[PDB]
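Structure file coords.pdb (PDB, C-alpha atoms and all ligand atoms) is printed below.
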ATOM      1  CA  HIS V   1     -24.935  21.816  14.948
ATOM      2  CA  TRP V   2     -21.290  23.100  14.560
ATOM      3  CA  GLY V   3     -20.329  25.816  12.016
ATOM      4  CA  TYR V   4     -18.300  29.070  11.682
ATOM      5  CA  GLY V   5     -20.944  31.529  13.039
ATOM      6  CA  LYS V   6     -20.942  33.747  16.180
ATOM      7  CA  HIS V   7     -22.859  31.077  18.195
ATOM      8  CA  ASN V   8     -21.603  27.742  16.770
ATOM      9  CA  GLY V   9     -18.039  28.682  15.600
ATOM     10  CA  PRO V  10     -14.510  27.367  16.484
ATOM     11  CA  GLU V  11     -14.615  28.574  20.152
ATOM     12  CA  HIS V  12     -17.776  26.406  20.867
ATOM     13  CA  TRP V  13     -16.585  23.087  19.231
ATOM     14  CA  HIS V  14     -14.990  21.755  22.509
ATOM     15  CA  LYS V  15     -18.486  21.305  24.121
ATOM     16  CA  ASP V  16     -19.507  18.617  21.533
ATOM     17  CA  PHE V  17     -15.959  17.465  20.675
ATOM     18  CA  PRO V  18     -13.596  17.368  23.780
ATOM     19  CA  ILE V  19     -10.577  16.668  21.496
ATOM     20  CA  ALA V  20     -10.642  20.282  20.328
ATOM     21  CA  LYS V  21      -8.383  21.176  23.317
ATOM     22  CA  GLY V  22      -6.114  18.045  22.552
ATOM     23  CA  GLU V  23      -2.251  17.649  22.641
ATOM     24  CA  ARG V  24      -1.956  17.600  18.803
ATOM     25  CA  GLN V  25      -4.678  19.858  17.277
ATOM     26  CA  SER V  26      -4.429  21.622  13.842
ATOM     27  CA  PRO V  27      -3.908  24.262  12.292
ATOM     28  CA  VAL V  28      -0.729  25.901  13.840
ATOM     29  CA  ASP V  29       1.548  28.896  13.117
ATOM     30  CA  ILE V  30       4.731  27.696  11.300
ATOM     31  CA  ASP V  31       7.602  29.641  12.927
ATOM     32  CA  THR V  32      10.112  29.516  10.026
ATOM     33  CA  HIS V  33      13.078  30.365  12.357
ATOM     34  CA  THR V  34      12.109  27.601  14.899
ATOM     35  CA  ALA V  35      11.401  24.867  12.258
ATOM     36  CA  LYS V  36      14.197  22.211  12.266
ATOM     37  CA  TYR V  37      15.792  21.341   8.869
ATOM     38  CA  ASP V  38      15.838  17.471   8.764
ATOM     39  CA  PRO V  39      18.190  15.872   6.139
ATOM     40  CA  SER V  40      16.654  12.366   6.744
ATOM     41  CA  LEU V  41      13.354  13.579   5.106
ATOM     42  CA  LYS V  42      12.919  12.119   1.542
ATOM     43  CA  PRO V  43      11.332  14.017  -1.411
ATOM     44  CA  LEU V  44       7.508  13.842  -1.823
ATOM     45  CA  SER V  45       6.228  11.297  -4.445
ATOM     46  CA  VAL V  46       2.872  12.510  -5.987
ATOM     47  CA  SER V  47       1.407  10.018  -8.592
ATOM     48  CA  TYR V  48      -1.889  11.651  -9.755
ATOM     49  CA  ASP V  49      -1.555  10.661 -13.497
ATOM     50  CA  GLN V  50      -4.327   7.971 -13.154
ATOM     51  CA  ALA V  51      -6.635  10.107 -10.902
ATOM     52  CA  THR V  52     -10.418   9.545 -11.489
ATOM     53  CA  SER V  53     -12.626  12.413 -10.150
ATOM     54  CA  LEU V  54     -16.373  11.587  -9.810
ATOM     55  CA  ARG V  55     -18.422  14.356  -8.107
ATOM     56  CA  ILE V  56     -18.331  17.859  -6.523
ATOM     57  CA  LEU V  57     -20.545  18.261  -3.392
ATOM     58  CA  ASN V  58     -21.593  21.246  -1.189
ATOM     59  CA  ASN V  59     -21.629  19.590   2.305
ATOM     60  CA  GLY V  60     -22.578  22.813   4.203
ATOM     61  CA  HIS V  61     -19.056  23.457   5.603
ATOM     62  CA  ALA V  62     -17.084  23.579   2.137
ATOM     63  CA  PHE V  63     -17.244  21.979  -1.344
ATOM     64  CA  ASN V  64     -15.442  18.605  -1.857
ATOM     65  CA  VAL V  65     -14.160  17.152  -5.192
ATOM     66  CA  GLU V  66     -14.397  13.333  -4.643
ATOM     67  CA  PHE V  67     -12.169  10.684  -6.318
ATOM     68  CA  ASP V  68     -12.454   6.891  -6.896
ATOM     69  CA  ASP V  69     -10.324   5.423  -4.002
ATOM     70  CA  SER V  70     -11.165   1.708  -4.708
ATOM     71  CA  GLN V  71      -7.662   1.178  -6.306
ATOM     72  CA  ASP V  72      -4.133   2.758  -6.137
ATOM     73  CA  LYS V  73      -4.857   5.369  -8.910
ATOM     74  CA  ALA V  74      -3.914   8.718  -7.216
ATOM     75  CA  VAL V  75      -1.323   8.099  -4.448
ATOM     76  CA  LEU V  76       0.976  10.112  -2.132
ATOM     77  CA  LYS V  77       4.227   8.339  -1.154
ATOM     78  CA  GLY V  78       7.598   9.363   0.156
ATOM     79  CA  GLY V  79       8.530  12.339   2.350
ATOM     80  CA  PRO V  80       7.881  11.535   6.100
ATOM     81  CA  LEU V  81       5.291   8.765   5.351
ATOM     82  CA  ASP V  82       5.709   4.939   5.450
ATOM     83  CA  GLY V  83       3.416   3.103   2.985
ATOM     84  CA  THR V  84       0.923   4.245   0.296
ATOM     85  CA  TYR V  85      -1.819   6.894   0.905
ATOM     86  CA  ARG V  86      -4.795   7.112  -1.587
ATOM     87  CA  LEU V  87      -6.421  10.502  -2.553
ATOM     88  CA  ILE V  88     -10.139  10.490  -1.487
ATOM     89  CA  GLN V  89     -11.086  14.222  -1.789
ATOM     90  CA  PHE V  90      -9.850  17.839  -1.887
ATOM     91  CA  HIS V  91     -11.505  21.035  -0.520
ATOM     92  CA  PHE V  92     -10.616  24.699   0.264
ATOM     93  CA  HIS V  93     -10.912  27.081   3.271
ATOM     94  CA  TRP V  94     -11.279  30.816   2.323
ATOM     95  CA  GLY V  95     -12.039  34.297   3.736
ATOM     96  CA  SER V  96     -14.576  37.138   3.303
ATOM     97  CA  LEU V  97     -11.559  39.404   2.442
ATOM     98  CA  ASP V  98      -8.200  38.758   0.641
ATOM     99  CA  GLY V  99      -6.245  39.297   3.947
ATOM    100  CA  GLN V 100      -7.585  36.124   5.679
ATOM    101  CA  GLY V 101      -8.853  32.624   4.847
ATOM    102  CA  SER V 102      -5.973  30.145   5.311
ATOM    103  CA  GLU V 103      -5.962  27.833   8.357
ATOM    104  CA  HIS V 104      -2.164  27.609   8.606
ATOM    105  CA  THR V 105      -0.070  30.797   8.930
ATOM    106  CA  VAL V 106       3.660  31.346   8.159
ATOM    107  CA  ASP V 107       5.290  33.771  10.718
ATOM    108  CA  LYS V 108       1.668  34.927  11.516
ATOM    109  CA  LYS V 109       0.996  35.765   7.790
ATOM    110  CA  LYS V 110      -2.538  34.722   6.612
ATOM    111  CA  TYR V 111      -3.159  33.736   2.934
ATOM    112  CA  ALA V 112      -6.456  34.270   0.998
ATOM    113  CA  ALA V 113      -7.277  30.514   0.960
ATOM    114  CA  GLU V 114      -5.836  27.031   1.691
ATOM    115  CA  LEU V 115      -6.322  23.826  -0.436
ATOM    116  CA  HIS V 116      -6.383  20.449   1.441
ATOM    117  CA  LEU V 117      -5.807  17.224  -0.573
ATOM    118  CA  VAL V 118      -6.861  14.435   1.869
ATOM    119  CA  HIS V 119      -5.223  10.936   1.572
ATOM    120  CA  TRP V 120      -5.705   7.730   3.687
ATOM    121  CA  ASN V 121      -3.214   4.927   4.556
ATOM    122  CA  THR V 122      -4.021   1.706   2.571
ATOM    123  CA  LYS V 123      -2.960  -0.729   5.290
ATOM    124  CA  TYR V 124      -6.063   0.093   7.182
ATOM    125  CA  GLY V 125      -8.291  -0.773   4.122
ATOM    126  CA  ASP V 126     -11.012   2.067   4.352
ATOM    127  CA  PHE V 127     -11.132   5.795   5.170
ATOM    128  CA  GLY V 128     -13.404   5.026   8.220
ATOM    129  CA  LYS V 129     -10.740   2.813   9.895
ATOM    130  CA  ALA V 130      -7.828   5.079   8.827
ATOM    131  CA  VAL V 131      -9.223   8.087  10.902
ATOM    132  CA  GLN V 132      -9.015   5.998  14.157
ATOM    133  CA  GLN V 133      -5.175   5.526  13.776
ATOM    134  CA  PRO V 134      -2.392   8.096  14.559
ATOM    135  CA  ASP V 135      -0.730   7.590  11.123
ATOM    136  CA  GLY V 136      -4.119   7.103   9.255
ATOM    137  CA  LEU V 137      -4.303  10.270   7.097
ATOM    138  CA  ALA V 138      -1.812  12.432   5.117
ATOM    139  CA  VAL V 139      -3.150  15.916   4.102
ATOM    140  CA  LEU V 140      -1.223  18.077   1.516
ATOM    141  CA  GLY V 141      -1.856  21.792   2.384
ATOM    142  CA  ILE V 142      -1.244  24.496  -0.396
ATOM    143  CA  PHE V 143      -1.625  28.291   0.319
ATOM    144  CA  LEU V 144      -3.500  30.513  -2.234
ATOM    145  CA  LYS V 145      -2.407  34.191  -2.832
ATOM    146  CA  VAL V 146      -4.387  36.706  -5.000
ATOM    147  CA  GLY V 147      -2.452  37.676  -8.222
ATOM    148  CA  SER V 148      -2.410  35.925 -11.549
ATOM    149  CA  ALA V 149      -5.219  33.462 -12.428
ATOM    150  CA  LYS V 150      -4.610  29.636 -12.113
ATOM    151  CA  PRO V 151      -5.811  28.208 -15.486
ATOM    152  CA  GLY V 152      -6.245  24.677 -13.895
ATOM    153  CA  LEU V 153      -8.737  25.968 -11.224
ATOM    154  CA  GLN V 154     -11.313  27.507 -13.672
ATOM    155  CA  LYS V 155     -13.019  24.087 -14.291
ATOM    156  CA  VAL V 156     -13.824  23.992 -10.515
ATOM    157  CA  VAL V 157     -14.902  27.708 -10.379
ATOM    158  CA  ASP V 158     -17.294  27.357 -13.389
ATOM    159  CA  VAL V 159     -19.359  24.530 -11.697
ATOM    160  CA  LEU V 160     -19.876  26.316  -8.289
ATOM    161  CA  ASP V 161     -23.194  27.789  -9.623
ATOM    162  CA  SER V 162     -24.610  24.178  -9.803
ATOM    163  CA  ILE V 163     -23.880  23.436  -6.070
ATOM    164  CA  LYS V 164     -24.794  26.827  -4.483
ATOM    165  CA  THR V 165     -26.621  25.315  -1.430
ATOM    166  CA  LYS V 166     -25.939  22.539   1.166
ATOM    167  CA  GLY V 167     -26.667  18.965  -0.139
ATOM    168  CA  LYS V 168     -26.376  19.826  -3.867
ATOM    169  CA  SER V 169     -23.919  17.654  -5.927
ATOM    170  CA  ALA V 170     -22.911  17.534  -9.631
ATOM    171  CA  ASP V 171     -21.057  15.016 -11.880
ATOM    172  CA  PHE V 172     -17.363  16.161 -12.063
ATOM    173  CA  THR V 173     -15.402  13.640 -14.212
ATOM    174  CA  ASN V 174     -11.898  13.939 -15.843
ATOM    175  CA  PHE V 175     -10.560  16.664 -13.489
ATOM    176  CA  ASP V 176      -6.709  16.579 -13.175
ATOM    177  CA  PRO V 177      -5.460  17.665  -9.653
ATOM    178  CA  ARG V 178      -1.848  18.002 -11.034
ATOM    179  CA  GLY V 179      -3.041  21.537 -12.320
ATOM    180  CA  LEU V 180      -3.316  22.840  -8.697
ATOM    181  CA  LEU V 181       0.303  22.029  -7.601
ATOM    182  CA  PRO V 182       3.092  24.668  -7.263
ATOM    183  CA  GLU V 183       6.495  24.406  -9.068
ATOM    184  CA  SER V 184       8.480  23.305  -5.938
ATOM    185  CA  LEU V 185       7.454  20.414  -3.582
ATOM    186  CA  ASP V 186       9.560  21.772  -0.623
ATOM    187  CA  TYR V 187       7.466  21.348   2.562
ATOM    188  CA  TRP V 188       7.002  21.589   6.364
ATOM    189  CA  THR V 189       5.718  18.509   8.259
ATOM    190  CA  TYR V 190       4.263  17.981  11.801
ATOM    191  CA  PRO V 191       1.784  15.543  13.453
ATOM    192  CA  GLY V 192      -1.728  17.079  13.833
ATOM    193  CA  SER V 193      -5.525  16.596  13.432
ATOM    194  CA  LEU V 194      -8.520  17.225  11.110
ATOM    195  CA  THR V 195      -9.345  21.010  11.246
ATOM    196  CA  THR V 196     -13.163  20.292  11.437
ATOM    197  CA  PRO V 197     -15.484  18.050  13.635
ATOM    198  CA  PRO V 198     -14.715  15.161  14.786
ATOM    199  CA  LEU V 199     -11.157  16.733  14.950
ATOM    200  CA  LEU V 200      -9.488  13.266  15.203
ATOM    201  CA  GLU V 201      -5.660  13.304  15.824
ATOM    202  CA  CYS V 202      -4.874  11.006  12.835
ATOM    203  CA  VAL V 203      -3.153  13.393  10.335
ATOM    204  CA  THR V 204       0.518  13.772   9.215
ATOM    205  CA  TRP V 205       0.438  17.384   7.865
ATOM    206  CA  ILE V 206       2.567  18.221   4.737
ATOM    207  CA  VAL V 207       2.407  22.039   4.065
ATOM    208  CA  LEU V 208       4.123  23.228   0.794
ATOM    209  CA  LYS V 209       6.350  26.369   1.120
ATOM    210  CA  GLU V 210       5.435  27.742  -2.332
ATOM    211  CA  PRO V 211       1.919  29.211  -2.672
ATOM    212  CA  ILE V 212      -0.127  29.215  -5.952
ATOM    213  CA  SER V 213      -1.670  32.383  -7.498
ATOM    214  CA  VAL V 214      -5.426  32.793  -8.177
ATOM    215  CA  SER V 215      -7.279  35.865  -9.583
ATOM    216  CA  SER V 216      -9.564  38.096  -7.450
ATOM    217  CA  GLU V 217     -12.377  36.909  -9.834
ATOM    218  CA  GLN V 218     -11.655  33.191  -9.100
ATOM    219  CA  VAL V 219     -11.678  33.554  -5.241
ATOM    220  CA  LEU V 220     -14.730  35.919  -5.557
ATOM    221  CA  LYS V 221     -16.706  32.939  -7.020
ATOM    222  CA  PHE V 222     -15.928  30.834  -3.852
ATOM    223  CA  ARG V 223     -17.634  33.609  -1.786
ATOM    224  CA  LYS V 224     -20.997  33.212  -3.652
ATOM    225  CA  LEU V 225     -21.636  29.677  -2.190
ATOM    226  CA  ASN V 226     -24.175  29.173   0.667
ATOM    227  CA  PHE V 227     -23.836  27.389   4.095
ATOM    228  CA  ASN V 228     -27.664  26.973   4.106
ATOM    229  CA  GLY V 229     -29.875  24.514   2.157
ATOM    230  CA  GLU V 230     -32.237  25.523  -0.758
ATOM    231  CA  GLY V 231     -35.369  27.401   0.507
ATOM    232  CA  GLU V 232     -33.560  28.515   3.730
ATOM    233  CA  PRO V 233     -32.319  32.043   4.715
ATOM    234  CA  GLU V 234     -29.164  32.862   2.586
ATOM    235  CA  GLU V 235     -25.886  32.747   4.696
ATOM    236  CA  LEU V 236     -22.811  33.296   2.429
ATOM    237  CA  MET V 237     -20.156  30.516   2.760
ATOM    238  CA  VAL V 238     -17.192  32.711   3.823
ATOM    239  CA  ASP V 239     -14.584  32.563   6.619
ATOM    240  CA  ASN V 240     -14.738  28.706   6.947
ATOM    241  CA  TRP V 241     -11.260  28.473   8.646
ATOM    242  CA  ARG V 242     -10.286  27.359  12.193
ATOM    243  CA  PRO V 243      -7.743  29.684  13.926
ATOM    244  CA  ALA V 244      -4.175  28.558  14.882
ATOM    245  CA  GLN V 245      -3.995  26.064  17.862
ATOM    246  CA  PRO V 246      -1.062  25.856  20.374
ATOM    247  CA  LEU V 247       1.958  23.715  19.223
ATOM    248  CA  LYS V 248       2.382  22.077  22.730
ATOM    249  CA  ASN V 249       5.096  19.245  22.664
ATOM    250  CA  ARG V 250       5.464  19.165  18.831
ATOM    251  CA  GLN V 251       8.411  20.031  16.510
ATOM    252  CA  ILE V 252       7.842  21.324  12.917
ATOM    253  CA  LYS V 253      10.470  19.746  10.587
ATOM    254  CA  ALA V 254      11.420  21.316   7.209
ATOM    255  CA  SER V 255      12.536  19.458   4.009
ATOM    256  CA  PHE V 256      14.725  22.469   2.920
ATOM    257  CA  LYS V 257      17.449  24.731   4.435
TER     258      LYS V 257
HETATM  259 ZN    ZN V 301      -9.498  21.329   5.272
END

As C-alpha cells, what does this structure read like?
Amino acid sequence: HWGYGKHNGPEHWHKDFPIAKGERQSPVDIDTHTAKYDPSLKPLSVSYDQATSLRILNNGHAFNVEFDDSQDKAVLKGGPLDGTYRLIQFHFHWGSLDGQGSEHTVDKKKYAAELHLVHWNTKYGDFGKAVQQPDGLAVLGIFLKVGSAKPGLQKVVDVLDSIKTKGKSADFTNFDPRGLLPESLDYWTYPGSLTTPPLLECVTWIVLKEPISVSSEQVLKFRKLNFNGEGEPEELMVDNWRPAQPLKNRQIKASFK
C-alpha cells in the first residue's frame, strides 16, 4: 500500500496510480516573479460562522478534522470559483525538521507545515461525484512557520494523544476553523490535483500568501503521531508531503500586485 517511506513513497505512486505523471499534478513551486497579476479575480468569501465539526481521525497518512457537509453551513465562495463549495475536512502535511514539511514552495522556500481546508462543489451533490469533475474541489492551502504560538490551534494539538495510531478517532465538536486563518486573504490560484492517492485532477488550488505562526512545541506534538496501527511496530508520522511536480502548460495567477 502507498505511503511516504523509502519503498512506497512519492516516487513509487505512478505504478498504482498512472495519473501521478499527469498534465495537472500538485503541489508546484510558485515562482513569484512569473505569477501573473489578474485584476478580474474577485476577493475570497469565507463563511465559516455556522461550521459544525464532528470528529478527528488518524487515517494512517495524516489526521483529518471532519465537518457536517449535509447543509450550506461552512462555505467557500468568490475568488476564481463559480458556485458554492462546502467544507468537508481539513488536515496538515509536516516535516521531521523545521526546514521542510510544506507541499507547496514559494521561490523554492519550504515551510514547516501546510494546512489544507478541502471543499466540494454543491452542484454535483456529494463529495464522491465532485472528485470526478475538473471543477469539483476547491482546497485552501495555508503555510505554517515556526515562531509565536497560534492560540486557535491548541485545541487540535491537545487531542492528538487520543488518536496516536491509524484507525483511532475521537469526538471533536464546536471547533471554529476561523482561528487558523491569517490576517490577509491575498492568494495564488492554479488548476491542479489531490496531493495523495487517487491523485484526481479535480482541484482549483487557492494558496494564501501570508503564513501563520505556530510554536516549536505545537509542531513537535504533530511529530508524535504514528503511521502504524495499535500493536504494530512504531513508525513516527513525519515527512508526509509530496515534492513539487512540473507546472507543464499551466499559469499561476495572483490576486495581488
Ligand atoms: Zn493535503

Within 9 Å of ligand ZN 301 (chain V): each chain V residue with its shortest pair, only C-alpha atoms and all ligand atoms, as CSV:
residue,atom,partner,partner_atom,distance
V:62,CA,V:ZN301,ZN,8.5
V:90,CA,V:ZN301,ZN,8.0
V:91,CA,V:ZN301,ZN,6.1
V:92,CA,V:ZN301,ZN,6.1
V:93,CA,V:ZN301,ZN,6.3
V:103,CA,V:ZN301,ZN,8.0
V:114,CA,V:ZN301,ZN,7.7
V:115,CA,V:ZN301,ZN,7.0
V:116,CA,V:ZN301,ZN,5.0
V:117,CA,V:ZN301,ZN,8.0
V:118,CA,V:ZN301,ZN,8.1
V:139,CA,V:ZN301,ZN,8.4
V:141,CA,V:ZN301,ZN,8.2
V:194,CA,V:ZN301,ZN,7.2
V:195,CA,V:ZN301,ZN,6.0
V:196,CA,V:ZN301,ZN,7.2
V:241,CA,V:ZN301,ZN,8.1

To verify the selection step, state as a ChimeraX atom specification which residues the PyMOL selection byres (((chain V and resi 160-163) around 10) and not hetatm) yields on this input. /V:56-59,63,155-159,164-170,221-222,224-226

Convert the current residue selection to file output with C-alpha atoms, as a PDB file, in the coordinates of the input.
ATOM      1  CA  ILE V  56     -18.331  17.859  -6.523  1.00  0.00           C
ATOM      2  CA  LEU V  57     -20.545  18.261  -3.392  1.00  0.00           C
ATOM      3  CA  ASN V  58     -21.593  21.246  -1.189  1.00  0.00           C
ATOM      4  CA  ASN V  59     -21.629  19.590   2.305  1.00  0.00           C
ATOM      5  CA  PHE V  63     -17.244  21.979  -1.344  1.00  0.00           C
ATOM      6  CA  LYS V 155     -13.019  24.087 -14.291  1.00  0.00           C
ATOM      7  CA  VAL V 156     -13.824  23.992 -10.515  1.00  0.00           C
ATOM      8  CA  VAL V 157     -14.902  27.708 -10.379  1.00  0.00           C
ATOM      9  CA  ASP V 158     -17.294  27.357 -13.389  1.00  0.00           C
ATOM     10  CA  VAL V 159     -19.359  24.530 -11.697  1.00  0.00           C
ATOM     11  CA  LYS V 164     -24.794  26.827  -4.483  1.00  0.00           C
ATOM     12  CA  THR V 165     -26.621  25.315  -1.430  1.00  0.00           C
ATOM     13  CA  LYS V 166     -25.939  22.539   1.166  1.00  0.00           C
ATOM     14  CA  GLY V 167     -26.667  18.965  -0.139  1.00  0.00           C
ATOM     15  CA  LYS V 168     -26.376  19.826  -3.867  1.00  0.00           C
ATOM     16  CA  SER V 169     -23.919  17.654  -5.927  1.00  0.00           C
ATOM     17  CA  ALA V 170     -22.911  17.534  -9.631  1.00  0.00           C
ATOM     18  CA  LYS V 221     -16.706  32.939  -7.020  1.00  0.00           C
ATOM     19  CA  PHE V 222     -15.928  30.834  -3.852  1.00  0.00           C
ATOM     20  CA  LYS V 224     -20.997  33.212  -3.652  1.00  0.00           C
ATOM     21  CA  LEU V 225     -21.636  29.677  -2.190  1.00  0.00           C
ATOM     22  CA  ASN V 226     -24.175  29.173   0.667  1.00  0.00           C
TER      23      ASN V 226
END

Nearest to residue 243 of chain V by atom-to-atom distance, counting only C-alpha atoms, from V:205, V:48, V:2, V:104: V:104

Would you write out, as a PyMOL selection string, every residue that the PyMOL selection byres (((chain V and resi 40) around 10) and not hetatm) captures in this file? chain V and resi 37-39+41-43+79-80+255

Could the residues in this selection be saved with C-alpha atoms as an mmCIF file, in the frame of the given file?
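Contents of out11.cif, as written:
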data_model
loop_
_atom_site.group_PDB
_atom_site.id
_atom_site.type_symbol
_atom_site.label_atom_id
_atom_site.label_comp_id
_atom_site.auth_asym_id
_atom_site.auth_seq_id
_atom_site.Cartn_x
_atom_site.Cartn_y
_atom_site.Cartn_z
ATOM 1 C CA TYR V 37 15.792 21.341 8.869
ATOM 2 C CA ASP V 38 15.838 17.471 8.764
ATOM 3 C CA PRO V 39 18.190 15.872 6.139
ATOM 4 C CA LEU V 41 13.354 13.579 5.106
ATOM 5 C CA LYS V 42 12.919 12.119 1.542
ATOM 6 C CA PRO V 43 11.332 14.017 -1.411
ATOM 7 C CA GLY V 79 8.530 12.339 2.350
ATOM 8 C CA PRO V 80 7.881 11.535 6.100
ATOM 9 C CA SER V 255 12.536 19.458 4.009
#

Choose the residue, out of V:29, V:201, V:69, V:98, that has the smallest atom-to-atom separation from residue 126 of chain V; count only C-alpha atoms.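 The shortest atom-to-atom distance to residue 126 of chain V comes from V:69.
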
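Our summary of the geometry notes that atom CA of residue 174 of chain V is positioned 16.6 Å from atom CA of residue 70 of chain V.
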
Put a box with edges along x, y and z around all the listed atoms of segment 106-113 of chain V, pad it by 4 Å on each side, then give me its centre and sizes in Å, one decimal, as lines of an AutoDock Vina configuration file.
center_x = -1.0
center_y = 33.1
center_z = 6.2
size_x = 20.6
size_y = 13.3
size_z = 18.6

Considering all atoms listed in the file, state which residue in the set V:14, V:24, V:129, V:108 is at the smallest distance from residue 191 of chain V.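 Once distances to residue 191 of chain V are computed over all atoms listed in the file, the minimum belongs to V:24.
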
Selected residue, from V:140, V:219, V:74, V:199, that lies nearest to residue 242 of chain V when counting all atoms listed in the file: V:199

Could you write out as a list in words the residues that the PyMOL selection byres (((chain V and resi 50) around 12) and not hetatm) matches in the shown file?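 With the PyMOL selection byres (((chain V and resi 50) around 12) and not hetatm) on this model, the match is residues 46, 47, 48, 49, 51, 52, 53, 67, 68, 69, 71, 72, 73, 74, 75, 86, 87, 174, 175, 176, 177 and 178 of chain V.
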
Pick out the closest residue to residue 30 of chain V from this set: V:106, V:244, V:131, V:238. Count all atoms listed in the file.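 Looking at the shortest contact to residue 30 of chain V, the residue is V:106.
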
Using Å and a single decimal, report how far atom CA of residue 3 of chain V sits from atom CA of residue 234 of chain V.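 Taking atom CA of residue 234 of chain V and atom CA of residue 3 of chain V, their separation equals 14.7 Å.
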
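Between residue 144 of chain V and the residues V:248, V:110, V:119, V:33, the shortest atom-to-atom distance, using only C-alpha atoms, involves V:110.
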
At a cut-off of 12 Å around the point (-5.3, 34.7, -8.3) (file coordinates), what residues fall inside when counting all atoms listed in the file? I'd like the answer as a VMD selection string. chain V and resid 98 111 to 113 143 to 154 211 to 221

How many Å separate atom CA of residue 82 of chain V from atom CA of residue 190 of chain V?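 Computing it gives 14.6 Å between the two atoms.
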
For residue 209 of chain V: contacts at 7 Å, all atoms listed in the file, fewer than 2 positions along chain excluded, given as a PDB file with C-alpha atoms, in the frame of the given file:
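The file below, part-v1.pdb, is the result:
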ATOM      1  CA  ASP V 186       9.560  21.772  -0.623  1.00  0.00           C
ATOM      2  CA  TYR V 187       7.466  21.348   2.562  1.00  0.00           C
ATOM      3  CA  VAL V 207       2.407  22.039   4.065  1.00  0.00           C
ATOM      4  CA  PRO V 211       1.919  29.211  -2.672  1.00  0.00           C
TER       5      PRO V 211
END

Using all atoms listed in the file, determine which residues lie at most 6 Å from residue 95 of chain V, disregarding the query and same-chain residues fewer than 5 positions distant; provide the list as a CSV table (one decimal) with C-alpha atoms, keeping the file's coordinate frame.
chain,number,residue,atom,x,y,z
V,100,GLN,CA,-7.6,36.1,5.7
V,101,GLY,CA,-8.9,32.6,4.8
V,238,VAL,CA,-17.2,32.7,3.8
V,239,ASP,CA,-14.6,32.6,6.6

Set the distance at 10 Å and use only C-alpha atoms: which residues neighbour residue 83 of chain V once local chain neighbours fewer than 5 positions away are removed? I'd like the list as a count of residues only. 6

For residue 251 of chain V, work out the shell of residues within 8 Å, counting all atoms listed in the file and skipping chain neighbours fewer than 2 positions away, then give it as a PyMOL selection string. chain V and resi 35-36+190+247+249+253

Would you save the residues from that selection as a CSV table (one decimal), in the frame of the given file, using C-alpha atoms?
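Written out: again00.csv:
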chain,number,residue,atom,x,y,z
V,35,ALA,CA,11.4,24.9,12.3
V,36,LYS,CA,14.2,22.2,12.3
V,190,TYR,CA,4.3,18.0,11.8
V,247,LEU,CA,2.0,23.7,19.2
V,249,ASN,CA,5.1,19.2,22.7
V,253,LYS,CA,10.5,19.7,10.6
